[PDB]
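S.K.: My structure is below; once you've seen it, I'll send some questions.
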Amino acid sequence: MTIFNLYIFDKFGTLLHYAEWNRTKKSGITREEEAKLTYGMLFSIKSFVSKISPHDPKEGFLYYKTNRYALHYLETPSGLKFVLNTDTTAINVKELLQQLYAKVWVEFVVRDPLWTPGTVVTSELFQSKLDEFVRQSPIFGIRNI
Amino acid sequence: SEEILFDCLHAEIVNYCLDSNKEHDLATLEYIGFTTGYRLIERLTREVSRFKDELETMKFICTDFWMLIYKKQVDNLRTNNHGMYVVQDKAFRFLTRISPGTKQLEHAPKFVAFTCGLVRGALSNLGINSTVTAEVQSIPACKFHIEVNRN
Amino acid sequence: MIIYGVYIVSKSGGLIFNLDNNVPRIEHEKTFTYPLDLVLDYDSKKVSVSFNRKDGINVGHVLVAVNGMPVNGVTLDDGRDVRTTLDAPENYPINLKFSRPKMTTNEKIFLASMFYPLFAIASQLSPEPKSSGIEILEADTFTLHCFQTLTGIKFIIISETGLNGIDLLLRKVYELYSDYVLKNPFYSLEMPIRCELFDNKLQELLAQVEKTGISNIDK
Amino acid sequence: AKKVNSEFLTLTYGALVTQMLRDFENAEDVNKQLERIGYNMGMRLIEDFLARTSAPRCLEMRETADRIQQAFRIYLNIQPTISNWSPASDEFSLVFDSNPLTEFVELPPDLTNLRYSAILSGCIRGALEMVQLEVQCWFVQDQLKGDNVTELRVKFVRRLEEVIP
């Protein structure tokens, strides 16, 4: 029962890649507009907290939850965004996304000469390595702090 | 993690190729580089006495130079009788980052020049000569096809 | 356990009630010398800083009072403007008050307004099928817990981030809701609920939960 | 053996500078190529620097100085020492006793206007704009041009902000 999906968005708000494993609710929206909608929503939540914060939001937003699934968010200071869907309840995954960034992305993307900056990744090695790093802990559930 | 500089820099060289020449890359990189590595090679297996001339297969010296730079070993080493021969390597670092699917093949001559341009020795197969072509069939698998400067 | 604020919104999503539990914003003063490393930037009624958040003056710390004299939106109380005051040197060395903009009520209305869709559009195109929306949104230094009435009204409160056992507290605020809508069912969602009786009953629920007991369901 | 794994880089850089310099006669043209190529390189490098140092993000120039000198520590194995702050904290200076990326590239090439550290300037700026910090970069002192210490200068010009959701 592995993760549903995983999203990437640049500091300009463009969808880099979407990998799906177990998402089932078949989308009425073509994925690109959906990614745009999600990036805008996340931006909205950033503004939302940055206004209604009692004090400094050092890392600001963390994630949101539903009763029957959950989702988590990762912020990269360069402005790239990380989003994946998980189940509601298992270990946290903020760290797991940090790791995926610092290893899989920084290795199999930027250190790829044939990925031009700010486009869609289409590397079969980045694809397969994402597949395997997810298959590392195909764990579903978050209960994130 | 000092490699990242060189991976990015060689990547951007793979990027720009102005139409005047294919490989504007002169070999002074290779010359001064092997001289540096040989500053670190202040010892190599050749006898103290000058007359008894022993040649070091530049195949082996290429192995060692990779360990000094490319860090991963040359694997399949087929050699004809004379100075013509080849290396068959399953993995190549700059092509480790590209998809293994044999779809991006052109990026080799920047690779193969770097193993050319190493000054010769009078005794053949002594370990330093270089003039090399590449035929990368599979992406990680470079195929540096050697031709000595001599016959 | 300290609750920063309490809220409820309607089928419209309009902010029907926005009691705040007295959580002040940080303040700073320091005897400012020649032009300040605080990077002051004018942005549309905000006289703020964009960089060099030093000494506990956050970026979002809007200029609040100047040299004791209050400062209002862009200019000051006395008629001086922040720019003219600042860039004149010989006034220095001087004190400047700074703090964060307690979003005036109307701004809070706007905030609740813009948040409602996120509730109703919490990826309704979810992975999981026939899903359900948002309920829990953790954040940096607050955490949002909402209780859908399971049909209709939304119940969102703002609590200390590191805490559990609050959804039952939401159920009890739901009980207070029922208590009050007994008052006048004509007094419906359309008008907002500002009836000081039920409201001090809520502030007593607050009083109980400020003390230890959130077990001891007593409200 | 292997005091410096990447002394290779400086010779590659010397190859690139002389190749351009033969191609483009002007020190100015190669200055722009060095700057932009540093730009792309620093764009490549800043993300890895934030994968390792895992910095929150830079909201203050003292933080920016510490971060970038740390990157120099971890990328070029050098220890620049922050100094000469602006009264407004915009400028600060990075003290390179040995520009690591040069080992007697050439003291006289008979060519002023040919600045070497422009690659660093490009890297620092491209990195910074990845993290939403438009700061200009130049070089107040430079050993090669006759100085004793090579000193990069950056002054906080503008705070870029993400817009258009």
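Residues are referred to by chain and number: the chain letter is A, B, ... according to the order shown in the structure tokens, the number counts from 1 in that chain, and ligands are numbered separately from 1 in the order shown.
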Write down, as a count of residues only, each residue of chain D that has any atom within 6 Å of an atom of chain C, counting only C-alpha atoms.
M.R.: 4
S.K.: Report as a PDB file with C-alpha atoms, in the first residue's frame: the residues of chain A with a DSSP assignment of alpha helix (DSSP H), based on the backbone of this structure.
M.R.:
```
ATOM      1  CA  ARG A  31      -3.100  16.969 -14.421  1.00  0.00           C
ATOM      2  CA  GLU A  32      -1.489  20.236 -15.490  1.00  0.00           C
ATOM      3  CA  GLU A  33      -4.350  22.476 -14.405  1.00  0.00           C
ATOM      4  CA  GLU A  34      -4.553  20.441 -11.217  1.00  0.00           C
ATOM      5  CA  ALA A  35      -0.891  21.117 -10.503  1.00  0.00           C
ATOM      6  CA  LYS A  36      -1.478  24.798 -11.135  1.00  0.00           C
ATOM      7  CA  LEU A  37      -4.459  24.761  -8.754  1.00  0.00           C
ATOM      8  CA  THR A  38      -2.429  23.032  -6.072  1.00  0.00           C
ATOM      9  CA  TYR A  39       0.493  25.429  -6.402  1.00  0.00           C
ATOM     10  CA  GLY A  40      -1.849  28.378  -6.072  1.00  0.00           C
ATOM     11  CA  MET A  41      -3.530  26.798  -3.058  1.00  0.00           C
ATOM     12  CA  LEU A  42      -0.216  26.213  -1.344  1.00  0.00           C
ATOM     13  CA  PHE A  43       0.787  29.800  -2.033  1.00  0.00           C
ATOM     14  CA  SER A  44      -2.528  30.877  -0.540  1.00  0.00           C
ATOM     15  CA  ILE A  45      -1.829  28.894   2.613  1.00  0.00           C
ATOM     16  CA  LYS A  46       1.622  30.462   2.847  1.00  0.00           C
ATOM     17  CA  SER A  47       0.041  33.910   2.783  1.00  0.00           C
ATOM     18  CA  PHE A  48      -2.666  32.617   5.133  1.00  0.00           C
ATOM     19  CA  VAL A  49      -0.249  31.621   7.864  1.00  0.00           C
ATOM     20  CA  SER A  50       2.200  34.475   7.273  1.00  0.00           C
ATOM     21  CA  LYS A  51      -0.634  36.821   8.114  1.00  0.00           C
ATOM     22  CA  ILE A  52      -2.387  34.921  10.892  1.00  0.00           C
ATOM     23  CA  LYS A  94       8.927  15.571   6.496  1.00  0.00           C
ATOM     24  CA  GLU A  95      12.376  14.066   6.972  1.00  0.00           C
ATOM     25  CA  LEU A  96      11.771  11.497   4.223  1.00  0.00           C
ATOM     26  CA  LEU A  97      11.052  14.284   1.750  1.00  0.00           C
ATOM     27  CA  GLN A  98      14.121  16.212   2.934  1.00  0.00           C
ATOM     28  CA  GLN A  99      16.164  13.101   2.212  1.00  0.00           C
ATOM     29  CA  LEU A 100      14.574  12.592  -1.197  1.00  0.00           C
ATOM     30  CA  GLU A 124      14.531   7.292 -17.066  1.00  0.00           C
ATOM     31  CA  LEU A 125      17.163   7.133 -14.343  1.00  0.00           C
ATOM     32  CA  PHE A 126      15.505   9.862 -12.299  1.00  0.00           C
ATOM     33  CA  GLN A 127      12.188   8.102 -12.864  1.00  0.00           C
ATOM     34  CA  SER A 128      13.486   4.678 -11.877  1.00  0.00           C
ATOM     35  CA  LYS A 129      15.471   6.059  -8.952  1.00  0.00           C
ATOM     36  CA  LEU A 130      12.388   7.837  -7.670  1.00  0.00           C
ATOM     37  CA  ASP A 131      10.531   4.555  -8.013  1.00  0.00           C
ATOM     38  CA  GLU A 132      13.176   2.801  -5.946  1.00  0.00           C
ATOM     39  CA  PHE A 133      13.538   5.507  -3.297  1.00  0.00           C
ATOM     40  CA  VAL A 134       9.779   5.355  -2.790  1.00  0.00           C
ATOM     41  CA  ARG A 135       9.990   1.566  -2.734  1.00  0.00           C
ATOM     42  CA  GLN A 136      12.516   2.097   0.068  1.00  0.00           C
TER      43      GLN A 136
END
```
S.K.: Please check the contacts: residues of chain B at most 8 Å away from chain D, using only C-alpha atoms, listed as an mmCIF file with N, CA, C and O atoms, in the first residue's frame.
M.R.:
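Saved to result.cif:
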```cif
data_model
loop_
_atom_site.group_PDB
_atom_site.id
_atom_site.type_symbol
_atom_site.label_atom_id
_atom_site.label_comp_id
_atom_site.auth_asym_id
_atom_site.auth_seq_id
_atom_site.Cartn_x
_atom_site.Cartn_y
_atom_site.Cartn_z
ATOM 1 N N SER B 1 32.720 16.975 -1.239
ATOM 2 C CA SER B 1 32.078 16.517 -2.463
ATOM 3 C C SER B 1 32.531 17.377 -3.630
ATOM 4 O O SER B 1 31.727 17.980 -4.326
ATOM 5 N N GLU B 2 33.843 17.410 -3.837
ATOM 6 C CA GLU B 2 34.445 18.348 -4.770
ATOM 7 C C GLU B 2 34.098 18.065 -6.218
ATOM 8 O O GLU B 2 34.339 18.933 -7.063
ATOM 9 N N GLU B 3 33.541 16.890 -6.527
ATOM 10 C CA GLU B 3 33.280 16.551 -7.921
ATOM 11 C C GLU B 3 32.222 17.451 -8.533
ATOM 12 O O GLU B 3 32.217 17.662 -9.750
ATOM 13 N N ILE B 4 31.304 17.962 -7.715
ATOM 14 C CA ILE B 4 30.106 18.598 -8.252
ATOM 15 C C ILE B 4 30.480 19.774 -9.135
ATOM 16 O O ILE B 4 29.868 20.008 -10.185
ATOM 17 N N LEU B 5 31.517 20.508 -8.741
ATOM 18 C CA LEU B 5 32.029 21.570 -9.588
ATOM 19 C C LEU B 5 32.330 21.043 -10.981
ATOM 20 O O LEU B 5 31.847 21.587 -11.980
ATOM 21 N N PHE B 6 33.108 19.968 -11.070
ATOM 22 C CA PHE B 6 33.530 19.525 -12.388
ATOM 23 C C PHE B 6 32.366 18.936 -13.165
ATOM 24 O O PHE B 6 32.275 19.125 -14.381
ATOM 25 N N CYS B 8 29.233 19.896 -13.068
ATOM 26 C CA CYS B 8 28.479 21.018 -13.615
ATOM 27 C C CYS B 8 29.237 21.703 -14.745
ATOM 28 O O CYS B 8 28.646 22.051 -15.776
ATOM 29 N N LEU B 9 30.541 21.916 -14.563
ATOM 30 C CA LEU B 9 31.323 22.664 -15.543
ATOM 31 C C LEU B 9 31.434 21.905 -16.858
ATOM 32 O O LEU B 9 31.224 22.469 -17.942
ATOM 33 N N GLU B 12 28.095 22.172 -18.639
ATOM 34 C CA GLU B 12 27.874 23.392 -19.405
ATOM 35 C C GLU B 12 28.751 23.440 -20.653
ATOM 36 O O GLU B 12 28.374 24.071 -21.647
ATOM 37 N N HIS B 24 36.375 22.891 -29.892
ATOM 38 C CA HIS B 24 37.336 23.935 -29.617
ATOM 39 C C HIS B 24 38.289 23.522 -28.509
ATOM 40 O O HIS B 24 39.291 24.210 -28.286
ATOM 41 N N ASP B 25 37.999 22.421 -27.817
ATOM 42 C CA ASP B 25 38.794 22.016 -26.666
ATOM 43 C C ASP B 25 40.206 21.629 -27.067
ATOM 44 O O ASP B 25 40.440 20.541 -27.595
ATOM 45 N N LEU B 26 41.150 22.502 -26.777
ATOM 46 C CA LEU B 26 42.541 22.121 -26.858
ATOM 47 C C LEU B 26 42.877 21.233 -25.664
ATOM 48 O O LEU B 26 42.090 21.087 -24.726
ATOM 49 N N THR B 28 45.502 21.332 -23.462
ATOM 50 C CA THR B 28 46.359 21.778 -22.366
ATOM 51 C C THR B 28 45.817 21.297 -21.035
ATOM 52 O O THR B 28 46.580 21.036 -20.097
ATOM 53 N N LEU B 29 44.500 21.129 -20.953
ATOM 54 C CA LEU B 29 43.924 20.456 -19.805
ATOM 55 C C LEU B 29 44.582 19.102 -19.607
ATOM 56 O O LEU B 29 45.115 18.810 -18.536
ATOM 57 N N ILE B 32 48.729 19.485 -18.804
ATOM 58 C CA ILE B 32 49.033 19.920 -17.450
ATOM 59 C C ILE B 32 48.420 18.969 -16.429
ATOM 60 O O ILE B 32 48.965 18.789 -15.334
ATOM 61 N N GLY B 33 47.300 18.323 -16.767
ATOM 62 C CA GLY B 33 46.682 17.398 -15.836
ATOM 63 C C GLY B 33 47.516 16.160 -15.585
ATOM 64 O O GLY B 33 47.660 15.729 -14.439
ATOM 65 N N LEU B 40 51.841 13.840 -8.287
ATOM 66 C CA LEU B 40 51.434 12.835 -7.310
ATOM 67 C C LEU B 40 52.049 11.468 -7.617
ATOM 68 O O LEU B 40 52.288 10.679 -6.695
ATOM 69 N N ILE B 41 52.319 11.166 -8.885
ATOM 70 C CA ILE B 41 53.094 9.956 -9.232
ATOM 71 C C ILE B 41 54.558 10.376 -9.207
ATOM 72 O O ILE B 41 55.237 10.471 -10.231
ATOM 73 N N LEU B 68 42.794 8.499 -9.964
ATOM 74 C CA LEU B 68 43.131 9.846 -9.523
ATOM 75 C C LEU B 68 42.066 10.861 -9.908
ATOM 76 O O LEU B 68 41.954 11.908 -9.260
ATOM 77 N N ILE B 69 41.311 10.599 -10.969
ATOM 78 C CA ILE B 69 40.321 11.548 -11.461
ATOM 79 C C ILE B 69 38.964 10.883 -11.592
ATOM 80 O O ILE B 69 38.004 11.255 -10.912
#
```
S.K.: Can you work out which one of C:170, C:140, C:92, C:121 has the shortest atom-to-atom distance to residue A:59, counting only C-alpha atoms?
M.R.: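 Result for the nearest residue to residue A:59: C:140.
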S.K.: Would you list which chain A residues are within 10 Å of chain C using only C-alpha atoms, as a short mmCIF file (atom, residue, chain, number, x, y, z; two decimals) with C-alpha atoms, in the first residue's frame?
M.R.:
```cif
data_model
loop_
_atom_site.label_atom_id
_atom_site.label_comp_id
_atom_site.auth_asym_id
_atom_site.auth_seq_id
_atom_site.Cartn_x
_atom_site.Cartn_y
_atom_site.Cartn_z
CA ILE A 3 2.28 6.34 -1.51
CA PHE A 4 -0.31 7.90 -3.80
CA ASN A 5 1.72 10.53 -5.63
CA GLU A 20 1.76 8.39 -9.21
CA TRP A 21 1.57 4.98 -7.60
CA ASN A 22 -1.74 4.40 -5.83
CA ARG A 23 -4.02 7.40 -6.39
CA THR A 24 -7.42 5.98 -7.35
CA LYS A 25 -9.97 8.80 -7.54
CA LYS A 26 -9.72 9.29 -11.29
CA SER A 27 -9.26 12.98 -11.91
CA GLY A 28 -11.79 15.03 -13.84
CA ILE A 29 -9.07 17.64 -14.31
CA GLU A 34 -4.55 20.44 -11.22
CA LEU A 37 -4.46 24.76 -8.75
CA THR A 38 -2.43 23.03 -6.07
CA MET A 41 -3.53 26.80 -3.06
CA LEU A 42 -0.22 26.21 -1.34
CA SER A 44 -2.53 30.88 -0.54
CA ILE A 45 -1.83 28.89 2.61
CA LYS A 46 1.62 30.46 2.85
CA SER A 47 0.04 33.91 2.78
CA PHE A 48 -2.67 32.62 5.13
CA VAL A 49 -0.25 31.62 7.86
CA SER A 50 2.20 34.47 7.27
CA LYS A 51 -0.63 36.82 8.11
CA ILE A 52 -2.39 34.92 10.89
CA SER A 53 0.78 33.68 12.57
CA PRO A 54 1.03 34.49 16.30
CA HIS A 55 4.81 34.87 15.87
CA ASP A 56 7.60 34.15 13.39
CA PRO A 57 6.74 31.24 11.13
CA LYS A 58 10.30 30.03 10.64
CA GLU A 59 9.32 27.15 8.37
CA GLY A 60 5.72 28.29 8.03
CA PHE A 61 3.35 25.71 6.62
CA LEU A 62 3.90 22.05 7.39
CA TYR A 63 1.00 19.95 6.05
CA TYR A 64 -2.72 19.34 6.20
CA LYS A 65 -4.81 16.28 7.01
CA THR A 66 -8.10 14.66 6.14
CA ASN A 67 -9.90 11.96 8.06
CA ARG A 68 -9.40 9.41 5.30
CA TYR A 69 -6.11 10.37 3.72
CA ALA A 70 -3.42 12.93 4.39
CA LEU A 71 -0.85 15.07 2.61
CA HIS A 72 2.46 16.70 3.47
CA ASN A 85 0.03 12.22 -0.65
CA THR A 86 0.16 9.63 2.11
CA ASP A 87 -2.20 7.81 4.45
CA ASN A 144 3.20 14.68 11.02
CA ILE A 145 4.26 17.17 13.67
#
```
S.K.: Excluding residue D:65 and residues on its chain fewer than 6 positions from it, collect all residues at most 9 Å away from it, counting only C-alpha atoms, and give them as a PyMOL selection string.
M.R.: chain D and resi 82+92-94
S.K.: May I have the residues of chain D within 7 Å of chain A, counting only C-alpha atoms, written as a ChimeraX atom specification?
M.R.: /D:44,47-48,51-52,56-57,130-131,165
S.K.: Please return, as a VMD selection string, all residues of chain B lying within 6 Å of chain A when only C-alpha atoms are considered.
M.R.: chain B and resid 11 97 99
S.K.: Can I get the selection written as a CSV table (one decimal), in the first residue's frame, with N, CA and C atoms?
M.R.:
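Once written, selection.csv looks like this:
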```csv
chain,number,residue,atom,x,y,z
B,11,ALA,N,29.3,19.8,-17.8
B,11,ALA,CA,28.0,19.8,-18.3
B,11,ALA,C,27.7,21.0,-19.2
B,97,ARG,N,25.2,9.9,-15.3
B,97,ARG,CA,24.1,10.8,-15.0
B,97,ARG,C,23.1,10.9,-16.1
B,99,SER,N,20.5,9.1,-18.9
B,99,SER,CA,19.7,7.9,-18.9
B,99,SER,C,20.5,6.8,-19.6
```
S.K.: When you draw a straight line from atom CA of residue D:111 to atom CA of residue D:26, how long is it in Å?
M.R.: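 Computing the Euclidean distance for atom CA of residue D:111 and atom CA of residue D:26 yields 9.8 Å.
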